[PDB]
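Text of upload_11.txt (compact mmCIF, C-alpha atoms and all ligand atoms) as supplied:
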```txt
# COMPACT_ATOMS: atom_id res chain seq x y z
CA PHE S 18 -5.75 20.53 -2.48
CA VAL S 19 -3.11 22.22 -0.28
CA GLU S 20 -5.18 21.48 2.85
CA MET S 21 -4.44 17.75 2.39
CA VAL S 22 -0.69 17.96 1.77
CA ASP S 23 1.37 16.37 4.55
CA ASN S 24 -1.75 14.89 6.21
CA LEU S 25 -0.10 11.50 6.79
CA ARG S 26 2.13 10.46 9.69
CA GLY S 27 3.62 7.32 11.19
CA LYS S 28 6.71 5.67 12.56
CA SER S 29 9.03 3.53 10.46
CA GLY S 30 7.38 0.11 10.00
CA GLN S 31 4.10 0.93 11.80
CA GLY S 32 2.13 2.10 8.70
CA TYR S 33 0.84 5.50 7.54
CA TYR S 34 -2.17 7.01 9.28
CA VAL S 35 -4.62 9.84 8.69
CA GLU S 36 -6.61 11.80 11.30
CA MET S 37 -10.34 11.03 11.12
CA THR S 38 -13.46 11.81 13.16
CA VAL S 39 -16.38 9.49 13.92
CA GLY S 40 -19.73 10.25 15.57
CA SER S 41 -21.41 13.40 16.91
CA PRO S 42 -19.88 15.26 18.61
CA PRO S 43 -16.78 14.28 16.58
CA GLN S 44 -14.34 11.79 18.16
CA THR S 45 -10.81 12.20 16.74
CA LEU S 46 -8.93 9.01 15.81
CA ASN S 47 -5.72 8.18 13.94
CA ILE S 48 -6.44 5.68 11.22
CA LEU S 49 -4.10 3.47 9.21
CA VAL S 50 -4.32 4.06 5.44
CA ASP S 51 -4.51 0.63 3.78
CA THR S 52 -5.04 0.05 0.02
CA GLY S 53 -4.79 -3.70 0.67
CA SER S 54 -8.02 -4.20 2.66
CA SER S 55 -11.63 -2.89 2.52
CA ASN S 56 -12.97 -2.51 6.07
CA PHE S 57 -13.18 0.68 8.09
CA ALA S 58 -12.40 -0.69 11.56
CA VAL S 59 -11.52 1.08 14.83
CA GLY S 60 -10.75 0.15 18.45
CA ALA S 61 -13.91 0.49 20.57
CA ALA S 62 -12.66 -0.76 23.95
CA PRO S 63 -9.81 0.22 26.33
CA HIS S 64 -7.06 -2.03 24.93
CA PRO S 65 -3.76 -1.24 26.80
CA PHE S 66 -1.85 -0.29 23.59
CA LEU S 67 -4.42 2.31 22.50
CA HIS S 68 -4.17 6.07 22.97
CA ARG S 69 -7.93 6.32 22.44
CA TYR S 70 -10.93 4.45 21.03
CA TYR S 71 -14.40 4.80 19.56
CA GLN S 72 -16.98 5.35 22.30
CA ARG S 73 -20.35 4.57 20.79
CA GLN S 74 -22.27 5.59 23.94
CA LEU S 75 -21.15 9.17 23.22
CA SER S 76 -22.52 9.42 19.69
CA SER S 77 -26.05 10.57 18.85
CA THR S 78 -25.71 9.64 15.15
CA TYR S 79 -24.59 6.06 15.78
CA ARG S 80 -26.76 3.19 14.46
CA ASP S 81 -26.38 -0.49 15.39
CA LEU S 82 -26.46 -2.99 12.52
CA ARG S 83 -26.90 -5.85 15.03
CA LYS S 84 -24.26 -7.98 13.28
CA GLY S 85 -20.77 -9.22 14.10
CA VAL S 86 -17.62 -9.62 12.05
CA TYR S 87 -14.68 -11.99 12.59
CA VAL S 88 -11.48 -11.23 10.67
CA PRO S 89 -8.69 -13.81 10.89
CA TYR S 90 -5.31 -13.15 9.33
CA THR S 91 -2.34 -15.48 8.78
CA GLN S 92 -1.23 -14.28 12.22
CA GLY S 93 -3.77 -13.12 14.82
CA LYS S 94 -7.19 -11.55 14.30
CA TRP S 95 -9.66 -8.83 15.02
CA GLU S 96 -13.38 -9.04 15.56
CA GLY S 97 -16.12 -6.53 16.17
CA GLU S 98 -19.65 -5.23 15.89
CA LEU S 99 -21.00 -3.59 12.74
CA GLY S 100 -22.72 -0.20 12.73
CA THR S 101 -22.81 3.13 10.92
CA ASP S 102 -22.07 6.70 11.99
CA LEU S 103 -20.89 10.04 10.63
CA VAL S 104 -17.28 10.26 9.46
CA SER S 105 -15.02 13.05 8.29
CA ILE S 106 -11.37 13.73 7.50
CA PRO S 107 -10.24 17.08 9.03
CA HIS S 108 -7.38 17.46 6.50
CA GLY S 109 -9.46 16.10 3.61
CA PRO S 110 -12.52 17.29 1.71
CA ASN S 111 -14.98 19.44 3.69
CA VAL S 112 -17.80 16.88 3.81
CA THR S 113 -19.39 14.33 6.18
CA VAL S 114 -20.54 10.81 5.29
CA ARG S 115 -22.56 8.01 6.85
CA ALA S 116 -20.24 5.02 6.65
CA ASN S 117 -19.93 1.49 7.92
CA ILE S 118 -17.71 1.16 10.99
CA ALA S 119 -16.52 -2.08 12.55
CA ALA S 120 -16.17 -1.42 16.29
CA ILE S 121 -13.29 -3.71 17.32
CA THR S 122 -14.14 -5.45 20.60
CA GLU S 123 -11.56 -8.27 20.55
CA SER S 124 -8.23 -8.53 18.74
CA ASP S 125 -4.98 -10.51 18.64
CA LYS S 126 -1.70 -9.24 17.11
CA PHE S 127 -3.60 -6.42 15.38
CA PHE S 128 -2.76 -3.29 17.40
CA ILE S 129 0.92 -2.37 17.79
CA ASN S 130 2.48 -1.58 21.20
CA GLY S 131 3.93 1.92 20.97
CA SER S 132 2.06 2.87 17.79
CA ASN S 133 -0.07 6.03 17.51
CA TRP S 134 -3.05 4.69 15.48
CA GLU S 135 -6.33 3.14 16.65
CA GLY S 136 -7.92 1.80 13.50
CA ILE S 137 -7.68 1.01 9.82
CA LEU S 138 -9.20 2.53 6.67
CA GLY S 139 -9.57 -0.16 4.04
CA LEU S 140 -9.46 1.65 0.69
CA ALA S 141 -9.77 -1.42 -1.54
CA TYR S 142 -13.01 -2.71 -3.11
CA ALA S 143 -16.14 -4.38 -1.72
CA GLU S 144 -15.25 -7.87 -3.02
CA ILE S 145 -12.64 -8.36 -0.25
CA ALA S 146 -14.72 -6.62 2.45
CA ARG S 147 -15.71 -8.64 5.55
CA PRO S 148 -18.06 -10.35 6.15
CA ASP S 149 -19.03 -10.10 2.45
CA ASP S 150 -19.31 -7.65 -0.47
CA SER S 151 -22.55 -6.02 0.79
CA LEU S 152 -20.69 -4.06 3.46
CA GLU S 153 -19.94 -0.90 1.47
CA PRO S 154 -16.34 0.38 2.03
CA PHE S 155 -15.75 3.95 3.19
CA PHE S 156 -14.56 5.35 -0.15
CA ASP S 157 -17.58 3.92 -2.03
CA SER S 158 -19.83 5.72 0.55
CA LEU S 159 -17.89 8.98 0.21
CA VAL S 160 -18.24 9.10 -3.58
CA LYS S 161 -21.92 8.07 -3.57
CA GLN S 162 -22.98 10.63 -0.91
CA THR S 163 -20.93 13.64 -2.06
CA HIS S 164 -19.41 15.32 -5.13
CA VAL S 165 -15.88 14.06 -4.37
CA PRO S 166 -14.39 12.60 -7.60
CA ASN S 167 -13.79 8.84 -7.54
CA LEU S 168 -10.02 9.08 -7.22
CA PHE S 169 -7.35 9.39 -4.53
CA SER S 170 -3.57 9.65 -4.53
CA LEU S 171 -0.71 8.74 -2.18
CA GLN S 172 2.70 10.28 -1.73
CA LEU S 173 4.41 8.14 0.93
CA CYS S 174 7.69 9.85 1.84
CA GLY S 175 9.26 7.51 4.43
CA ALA S 176 11.84 8.83 6.92
CA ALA S 187 11.92 7.89 13.46
CA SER S 188 8.77 9.47 12.01
CA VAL S 189 7.45 9.10 8.46
CA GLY S 190 5.27 11.57 6.55
CA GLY S 191 3.09 11.74 3.48
CA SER S 192 -0.02 12.96 1.72
CA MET S 193 -3.36 11.43 0.88
CA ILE S 194 -5.02 13.68 -1.71
CA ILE S 195 -8.66 12.66 -1.63
CA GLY S 196 -10.68 13.38 -4.76
CA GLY S 197 -7.78 14.48 -6.94
CA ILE S 198 -4.16 15.01 -7.84
CA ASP S 199 -1.61 17.56 -6.61
CA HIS S 200 0.88 18.08 -9.46
CA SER S 201 3.48 19.58 -7.09
CA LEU S 202 3.99 16.14 -5.49
CA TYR S 203 5.64 14.59 -8.54
CA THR S 204 8.06 15.35 -11.37
CA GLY S 205 7.83 14.29 -15.02
CA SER S 206 4.66 12.59 -16.13
CA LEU S 207 2.12 10.11 -14.72
CA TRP S 208 2.03 6.71 -16.42
CA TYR S 209 -1.00 4.48 -16.01
CA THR S 210 -1.51 0.74 -15.63
CA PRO S 211 -4.99 -0.90 -15.70
CA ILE S 212 -6.70 -2.13 -12.55
CA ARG S 213 -7.10 -5.71 -13.79
CA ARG S 214 -10.05 -6.34 -11.44
CA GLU S 215 -11.75 -4.36 -8.67
CA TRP S 216 -11.11 -6.33 -5.48
CA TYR S 217 -7.54 -5.59 -4.47
CA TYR S 218 -5.85 -2.93 -6.60
CA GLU S 219 -4.69 -5.67 -8.93
CA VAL S 220 -2.23 -4.86 -11.71
CA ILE S 221 -0.08 -6.83 -14.21
CA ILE S 222 3.73 -6.86 -14.22
CA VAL S 223 5.08 -7.81 -17.65
CA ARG S 224 8.87 -7.67 -17.20
CA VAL S 225 11.41 -7.43 -14.35
CA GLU S 226 14.96 -6.07 -14.67
CA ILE S 227 17.73 -6.20 -12.08
CA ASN S 228 20.20 -3.52 -13.22
CA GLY S 229 19.04 -3.69 -16.87
CA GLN S 230 19.09 -7.51 -16.90
CA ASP S 231 15.85 -9.26 -17.75
CA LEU S 232 15.16 -12.12 -15.30
CA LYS S 233 13.82 -14.02 -18.34
CA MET S 234 11.03 -15.75 -16.41
CA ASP S 235 7.63 -16.32 -17.97
CA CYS S 236 5.89 -13.04 -17.07
CA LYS S 237 3.02 -15.15 -15.61
CA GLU S 238 5.26 -15.92 -12.62
CA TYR S 239 5.38 -12.21 -11.75
CA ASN S 240 1.62 -12.25 -11.21
CA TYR S 241 1.10 -15.66 -9.56
CA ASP S 242 -1.53 -15.59 -8.39
CA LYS S 243 -1.79 -11.77 -8.38
CA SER S 244 0.10 -8.48 -8.21
CA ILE S 245 -1.20 -5.64 -6.06
CA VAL S 246 -0.49 -2.11 -4.90
CA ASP S 247 -0.56 -2.05 -1.11
CA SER S 248 0.04 0.87 1.25
CA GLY S 249 -0.43 -1.43 4.29
CA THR S 250 2.58 -3.62 3.43
CA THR S 251 6.13 -2.52 4.09
CA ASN S 252 7.99 -4.89 1.78
CA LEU S 253 8.28 -5.48 -1.90
CA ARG S 254 6.82 -8.95 -1.86
CA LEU S 255 7.58 -11.39 -4.71
CA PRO S 256 6.19 -14.85 -5.60
CA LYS S 257 8.47 -17.68 -4.44
CA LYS S 258 10.00 -18.56 -7.85
CA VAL S 259 10.45 -14.85 -8.72
CA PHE S 260 12.00 -14.01 -5.34
CA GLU S 261 14.60 -16.77 -5.74
CA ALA S 262 15.48 -15.59 -9.27
CA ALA S 263 15.52 -11.97 -8.05
CA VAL S 264 17.83 -12.66 -5.08
CA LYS S 265 20.10 -14.94 -7.16
CA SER S 266 20.45 -11.86 -9.37
CA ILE S 267 20.83 -9.15 -6.68
CA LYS S 268 23.36 -11.46 -4.97
CA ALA S 269 25.40 -11.75 -8.18
CA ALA S 270 25.12 -8.01 -8.94
CA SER S 271 26.60 -7.18 -5.52
CA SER S 272 29.12 -9.96 -4.83
CA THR S 273 31.80 -7.30 -4.19
CA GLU S 274 30.79 -7.64 -0.50
CA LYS S 275 29.82 -10.65 1.65
CA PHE S 276 26.45 -11.37 3.31
CA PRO S 277 24.95 -14.29 5.34
CA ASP S 278 22.25 -16.38 3.60
CA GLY S 279 19.84 -15.21 6.34
CA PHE S 280 20.21 -11.51 5.42
CA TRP S 281 18.29 -12.20 2.19
CA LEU S 282 15.51 -13.74 4.30
CA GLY S 283 16.30 -11.18 5.76
CA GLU S 284 17.75 -10.93 9.23
CA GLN S 285 20.92 -8.86 9.79
CA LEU S 286 22.33 -5.30 9.53
CA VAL S 287 25.36 -3.54 7.98
CA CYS S 288 26.73 -0.19 9.30
CA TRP S 289 28.68 2.97 8.31
CA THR S 294 27.71 4.32 2.53
CA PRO S 295 28.60 2.78 -0.89
CA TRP S 296 25.00 2.12 -2.12
CA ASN S 297 26.44 1.51 -5.60
CA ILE S 298 27.22 -2.18 -5.14
CA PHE S 299 23.43 -2.76 -5.11
CA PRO S 300 21.43 -2.74 -8.38
CA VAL S 301 18.36 -0.71 -9.29
CA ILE S 302 15.15 -2.71 -9.63
CA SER S 303 12.81 -2.13 -12.55
CA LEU S 304 9.28 -3.39 -12.97
CA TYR S 305 7.50 -3.06 -16.28
CA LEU S 306 3.76 -2.64 -15.97
CA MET S 307 1.06 -3.14 -18.59
CA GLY S 308 0.21 0.19 -20.25
CA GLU S 309 -3.04 1.72 -21.46
CA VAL S 310 -2.42 0.78 -25.10
CA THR S 311 -2.07 -2.60 -26.84
CA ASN S 312 1.56 -3.83 -26.77
CA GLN S 313 2.69 -0.74 -24.80
CA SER S 314 4.30 -0.80 -21.35
CA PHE S 315 6.21 1.52 -19.03
CA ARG S 316 8.71 0.89 -16.27
CA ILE S 317 9.18 1.99 -12.69
CA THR S 318 12.67 1.90 -11.20
CA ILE S 319 13.61 1.82 -7.51
CA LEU S 320 16.92 2.38 -5.71
CA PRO S 321 18.62 0.41 -2.92
CA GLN S 322 17.49 3.38 -0.77
CA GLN S 323 13.96 1.91 -1.16
CA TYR S 324 14.68 -1.81 -0.61
CA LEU S 325 17.39 -1.32 2.07
CA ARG S 326 15.39 -0.27 5.16
CA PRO S 327 17.16 1.27 8.21
CA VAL S 328 16.53 -0.61 11.49
CA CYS S 338 22.48 0.36 9.56
CA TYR S 339 20.02 -1.33 7.16
CA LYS S 340 17.81 -4.41 6.41
CA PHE S 341 16.68 -6.26 3.24
CA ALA S 342 13.09 -5.31 2.41
CA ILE S 343 12.33 -7.76 -0.40
CA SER S 344 10.77 -11.04 0.70
CA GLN S 345 8.96 -14.13 -0.64
CA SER S 346 5.16 -14.57 -0.73
CA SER S 347 2.50 -17.10 -1.63
CA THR S 348 -0.13 -14.37 -1.98
CA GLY S 349 1.44 -12.89 -5.15
CA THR S 350 3.46 -9.76 -5.86
CA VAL S 351 2.84 -7.03 -3.29
CA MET S 352 3.99 -3.56 -4.24
CA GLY S 353 4.27 -2.24 -0.72
CA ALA S 354 5.99 0.80 0.73
CA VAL S 355 9.35 -0.28 -0.78
CA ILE S 356 7.76 0.45 -4.17
CA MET S 357 5.34 3.25 -3.22
CA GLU S 358 7.94 5.41 -1.42
CA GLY S 359 9.69 6.12 -4.73
CA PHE S 360 6.53 7.31 -6.46
CA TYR S 361 3.41 9.44 -6.49
CA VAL S 362 0.62 6.89 -6.85
CA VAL S 363 -2.82 7.69 -8.32
CA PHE S 364 -5.68 5.35 -7.54
CA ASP S 365 -7.84 6.39 -10.44
CA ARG S 366 -10.95 4.39 -9.58
CA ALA S 367 -13.15 6.24 -12.11
CA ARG S 368 -11.03 5.00 -15.04
CA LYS S 369 -9.98 1.63 -13.58
CA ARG S 370 -6.31 2.60 -13.62
CA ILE S 371 -3.35 3.32 -11.33
CA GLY S 372 -0.85 6.10 -12.09
CA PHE S 373 2.86 6.27 -11.21
CA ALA S 374 5.14 9.31 -11.40
CA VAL S 375 8.48 10.13 -9.80
CA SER S 376 7.87 11.36 -6.26
CA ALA S 377 9.07 14.85 -5.39
CA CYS S 378 10.05 13.49 -1.92
CA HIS S 379 11.64 10.09 -2.60
CA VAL S 380 15.00 9.26 -1.00
CA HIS S 381 17.84 9.43 -3.54
CA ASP S 382 21.57 10.25 -3.78
CA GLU S 383 23.45 12.32 -6.42
CA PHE S 384 24.13 9.38 -8.79
CA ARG S 385 20.76 7.69 -9.42
CA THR S 386 17.09 8.59 -8.81
CA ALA S 387 13.84 6.59 -8.98
CA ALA S 388 12.31 6.66 -12.46
CA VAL S 389 9.10 6.19 -14.45
CA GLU S 390 9.82 5.66 -18.16
CA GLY S 391 7.90 4.84 -21.35
CA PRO S 392 6.67 3.85 -23.74
CA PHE S 393 8.09 0.39 -24.38
CA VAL S 394 7.02 -2.29 -26.82
CA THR S 395 5.91 -5.45 -25.02
CA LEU S 396 4.02 -8.24 -26.75
CA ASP S 397 1.64 -10.80 -25.17
CA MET S 398 1.05 -8.77 -21.99
CA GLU S 399 -2.39 -10.42 -21.57
CA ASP S 400 -0.59 -13.77 -21.16
CA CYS S 401 1.07 -12.46 -17.97
CA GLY S 402 -2.14 -12.53 -15.88
CA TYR S 403 -2.96 -15.68 -13.90
CA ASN S 404 -6.42 -17.27 -14.17
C1 LIG S 501 -2.40 -7.65 10.91
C2 LIG S 501 -3.84 -8.17 11.06
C3 LIG S 501 -4.13 -8.84 12.25
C4 LIG S 501 -5.42 -9.35 12.45
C5 LIG S 501 -6.40 -9.19 11.47
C6 LIG S 501 -6.10 -8.53 10.29
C7 LIG S 501 -4.82 -8.02 10.06
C8 LIG S 501 -4.56 -7.34 8.87
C9 LIG S 501 -5.22 -6.13 8.65
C10 LIG S 501 -5.00 -5.40 7.48
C11 LIG S 501 -4.13 -5.90 6.51
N1 LIG S 501 -3.92 -5.20 5.39
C12 LIG S 501 -3.09 -5.62 4.42
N2 LIG S 501 -2.94 -4.85 3.36
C13 LIG S 501 -2.39 -6.84 4.54
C14 LIG S 501 -1.45 -7.41 3.45
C15 LIG S 501 -2.30 -7.80 2.20
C16 LIG S 501 -1.47 -8.38 1.05
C17 LIG S 501 -3.39 -8.80 2.59
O1 LIG S 501 -3.11 -9.97 2.85
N3 LIG S 501 -4.63 -8.32 2.62
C18 LIG S 501 -5.80 -9.12 3.02
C19 LIG S 501 -7.07 -8.48 2.46
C20 LIG S 501 -8.32 -9.14 3.06
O2 LIG S 501 -8.27 -9.08 4.52
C21 LIG S 501 -7.10 -9.71 5.14
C22 LIG S 501 -7.14 -11.25 4.97
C23 LIG S 501 -7.15 -9.35 6.62
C24 LIG S 501 -5.82 -9.12 4.55
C25 LIG S 501 -2.60 -7.59 5.70
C26 LIG S 501 -3.46 -7.12 6.71
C27 LIG S 501 -3.69 -7.85 7.89
```
Just dump the structure as structure tokens.
Ligand SMILES: Cc1ccccc1-c1ccc2nc(N)c(C[C@@H](C)C(=O)N[C@@H]3CCOC(C)(C)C3)cc2c1
Amino acid sequence: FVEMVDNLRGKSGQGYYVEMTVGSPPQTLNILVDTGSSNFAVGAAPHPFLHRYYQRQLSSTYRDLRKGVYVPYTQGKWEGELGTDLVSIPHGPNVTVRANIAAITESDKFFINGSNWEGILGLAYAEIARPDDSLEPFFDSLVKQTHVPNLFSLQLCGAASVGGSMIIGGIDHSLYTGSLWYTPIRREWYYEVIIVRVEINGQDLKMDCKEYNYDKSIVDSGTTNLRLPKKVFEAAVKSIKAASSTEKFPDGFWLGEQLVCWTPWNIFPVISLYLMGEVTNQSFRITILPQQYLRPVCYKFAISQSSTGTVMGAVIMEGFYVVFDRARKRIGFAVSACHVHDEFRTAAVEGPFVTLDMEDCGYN
């Protein structure tokens, strides 16, 4: 798998992207890697922000599906025209697939000015695909049409350029230390998981574990922040505040809108999430450092409130090697060989723990 190591790039805050080709002859595009959506969508028109775009006129293997797609988001949108064509990943497996492609023809607040990517690879499941679940996502096509095992893994390394690896069809054991620990994919739409306990510096928040997963908890490479449900965020901050009241901060910094410049680190607590294990009454925990939730912009607060559920974004994923084990409906976490630490504390994955009533923690 050494051909796929270090195949991810990006700039701080503008997502991680992989190089892909579409059409024949191949057109090279940089494509955002997103485990929190399910469409393969690329710019197909000369939008000012774009370095390049999909030119369908130039592709002999392109087929029109004669159907449109409109994708609104909380802020802005994209829309396009559905079709299929041949796709490959230069620093991925040595295969070629016919996949669905949304050719983006109109967008609003989608593309980023100054970014170096031109599309998005939705790696989540068909149920959240637009317009509906009959548009087969790229990874489903890849597995169906080739002998690539139904599994991928992400080492997101962070920092200004960022780097990483998407190991398609397997695991590279050199990218983590210790052991992988697995949590069940609760249902195949998002990569939904169940959090069963939260600790701020060893201290249980003592909330009903249901609140951690209201109305869901997901693993999302397209989100920067650790995102927590409203009630949980307030409890969490009230706790991080108290744990680090040796220094003073405006109430807007936790919302979170100011810097701080030099580094102590040690006034801030570690954050531990306990995830449902593979075995009845068994859990494990993942622990992140302030290095993960204090993002340079001098730093900013990268935990924020949400009404979509818990979102385990880059803040979480940058501490760990993450295995999206689709074949066994599970997600693996191990300590990342590249995560940003100091000489006191490191990110951790630890188990097993005894946790009762873990099935009560999921929202219905
Ligand atoms: C930023 C944007 C602008 C216009 C249209 C779509 C988007 C967009 C694209 C990909 C996204 N990928 C993501 N992982 C996220 C965050 C996650 C938690 C999320 O809300 N995912 C939804 C999955 C279904 O499709 C949605 C509604 C566009 C995002 C938001 C996204 C928003």
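Computed from the coordinates, the CA of residue 280 in chain S to CA of residue 340 in chain S distance equals 7.6 Å.
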Can you tell me, as a CSV table (one decimal) with C-alpha atoms, in the frame of the given file, what residues are no more than 8 Å from residue 142 in chain S when counting only C-alpha atoms, ignoring any on the same chain fewer than 5 positions away?
```
chain,number,residue,atom,x,y,z
S,54,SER,CA,-8.0,-4.2,2.7
S,55,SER,CA,-11.6,-2.9,2.5
S,154,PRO,CA,-16.3,0.4,2.0
S,215,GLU,CA,-11.8,-4.4,-8.7
S,216,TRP,CA,-11.1,-6.3,-5.5
S,217,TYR,CA,-7.5,-5.6,-4.5
S,218,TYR,CA,-5.8,-2.9,-6.6
```
What are the nearest atom pairs, with distances in Å to one decimal, for all residues of range 263-365 of chain S that come at most 7 Å from range 241-249 of chain S, using all atoms listed in the file, set out by chain and rising residue number as a Markdown table?
```
| residue | atom | partner | partner_atom | distance |
| --- | --- | --- | --- | --- |
| S:348 | CA | S:242 | CA | 6.7 |
| S:349 | CA | S:243 | CA | 4.7 |
| S:350 | CA | S:244 | CA | 4.3 |
| S:351 | CA | S:245 | CA | 5.1 |
| S:352 | CA | S:246 | CA | 4.8 |
| S:353 | CA | S:247 | CA | 4.8 |
| S:354 | CA | S:248 | CA | 6.0 |
```
**Study point:** 6 Å shell around ligand LIG 501 (chain S) using all atoms listed in the file, listed as a ChimeraX atom specification
**Key:** /S:51,53-54,88-90,93-95,126-127,145,247,249-250
Practice item. Find the spatial neighbours of range 263-277 of chain S, counting all atoms listed in the file, within a cut-off of 9 Å - ignore same-chain residues fewer than 5 positions away - and output them as an MDAnalysis selection string. Key: chainID S and resid 225:228 230 232 255 258 284:285 297:300 343
Practice item. Work out how far apart CA of residue 34 in chain S and CA of residue 18 in chain S are and give it in Å to one decimal. Key: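 About the pair CA of residue 34 in chain S and CA of residue 18 in chain S: they are 18.3 Å apart.
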**Study point:** Nearest candidate to residue 199 in chain S (options S:394, S:119, S:21, S:328; using all atoms listed in the file)
**Key:**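 The closest residue to residue 199 in chain S is S:21.
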Practice item. Give me the residues within 7 Å of residue 38 in chain S as JSON, numbers by chain, counting only C-alpha atoms and dropping any in the same chain fewer than 6 places off. Key: {"S": [44, 45, 46, 104, 105, 106]}
Selected residues written out, C-alpha atoms, as a CSV table (one decimal), in the frame of the given file:
```
chain,number,residue,atom,x,y,z
S,44,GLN,CA,-14.3,11.8,18.2
S,45,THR,CA,-10.8,12.2,16.7
S,46,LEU,CA,-8.9,9.0,15.8
S,104,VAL,CA,-17.3,10.3,9.5
S,105,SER,CA,-15.0,13.0,8.3
S,106,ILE,CA,-11.4,13.7,7.5
```
Check your understanding: What does the distance between CA of residue 377 in chain S and CA of residue 200 in chain S come to in Å, to one decimal place?
Key ->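 Computed distance, CA of residue 377 in chain S to CA of residue 200 in chain S, equals 9.7 Å.
Selecting by distance to (-11.7, 8.4, -6.1) with a limit of 8 Å and using only C-alpha atoms, one obtains residues 156, 160, 165, 166, 167, 168, 169, 195, 196, 197, 364, 365, 366 and 367 of chain S.
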Point to revise | Distance query residue 204 in chain S at most 8 Å, all atoms listed in the file, self and fewer than 5 positions along chain excluded, as a ChimeraX atom specification | key: /S:374-377
Exercise for review: Fewer than 2 positions away in the same chain doesn't count, so skip those; otherwise give me all residues within 12 Å of residue 373 in chain S, counting only C-alpha atoms, as a PyMOL selection string.
Suggested key: chain S and resi 170-172+198+202-211+246+304-306+308+315-318+356-365+370-371+375-376+387-391
Point to revise | Expected residue set, 9 Å radius at (12.9, 5.5, 11.0), all atoms listed in the file, as number ranges by chain | key: S: 28-30, 175-176, 187-189, 326-328
Review point. Taking into account all atoms listed in the file, which residue in the set S:148, S:109, S:40, S:85 is nearest to residue 73 in chain S?
Key: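 When distances to residue 73 in chain S are compared using all atoms listed in the file, the smallest one comes from S:40.
Proximity ranking of S:64, S:369, S:83, S:161 relative to residue 121 in chain S places S:64 first, based on only C-alpha atoms.
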Review point. So, counting only C-alpha atoms, which residue among S:398, S:342, S:383, S:238 is closest to residue 307 in chain S?
Key: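 For residue 307 in chain S, the nearest of the candidates is S:398.
Considering the residues S:39, S:220, S:338, S:159 and counting all atoms listed in the file, residue 289 in chain S has its shortest atom-to-atom contact with S:338.
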Exercise for review: Return the single residue from S:80, S:26, S:213, S:164 that is closest to residue 403 in chain S, with distances computed using all atoms listed in the file.
Suggested key: S:213
